[PDB]
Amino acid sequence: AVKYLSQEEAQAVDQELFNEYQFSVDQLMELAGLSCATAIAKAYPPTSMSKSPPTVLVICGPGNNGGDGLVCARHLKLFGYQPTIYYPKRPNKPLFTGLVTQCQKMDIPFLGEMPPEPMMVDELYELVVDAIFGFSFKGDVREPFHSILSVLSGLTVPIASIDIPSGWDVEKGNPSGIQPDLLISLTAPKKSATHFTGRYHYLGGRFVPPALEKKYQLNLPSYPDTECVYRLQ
């Protein structure tokens, strides 16, 4: 059975990957994002949806989890979804500006504003992807994300959170916060994932050197054949 990283182990693994193994950020972010998109398409496949193409709102935060979201959105389009992105706070680095351009050019719209009522989110978007905050946030929830998360917690449509449910604490979680229906753990699950109560928990980020896995006793399962996602239980 698979380990659940503490916030410190997770930073170690991350630091290793970028420093020992010398993976660049682009690379892991591409694979992370592809893995999110893939998990979303396995859990909420387009044929199972009422609209066609199915609609998805991807809300990207101000760091890496956001970057993951942009990558996720772009692959979602190619999997036959109709994504829309809301990216209120964008770092001015070409990683992020490249991601925005890539999505613009694939006719993926960036909204000027978050629809202000849950019901409106629900009628426009069959699925919302929470790419707001990742593991390394501590935090604390400054606007406009407080207000965003407050809308999210009133939705009726499912939420899919990347790595961690934004607003939860990475180890202890949050009973009063958002309650995703899908969680996509990247690399390995974090401790907060124990408090997870949605239907689907997938593991993604299949780029773990088997040495690293062993060094931190991750007990990652065997991803089947050519798959970049595994559904945990």
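Throughout, we count residues from 1 along the sequence that is shown.
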{"query": "Which of 148-156 and 83-91 has higher mean CA B factor, as the PDB entry lists it", "finding": "83-91"}
{"query": "Selected stretch [higher average CA B-factor]: 74-82 or 131-139", "finding": "131-139"}
{"query": "Most elevated Cα B-factor in the entry, residues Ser52, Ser166, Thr38, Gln179", "finding": "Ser52"}
{"query": "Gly67 - Cα temperature factor, lowest/middle/highest third of chain", "finding": "lowest"}
{"query": "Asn174 - which third its CA temperature factor falls in, relative to the rest of the chain", "finding": "highest"}
{"query": "Chain third (lowest, middle, highest) by recorded CA B-factor, residue given as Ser192", "finding": "highest"}
{"query": "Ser185 - which third its CA temperature factor falls in, relative to the rest of the chain", "finding": "lowest"}
{"query": "Modelled-residue ranking by C-alpha temperature factor, third containing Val208", "finding": "highest"}
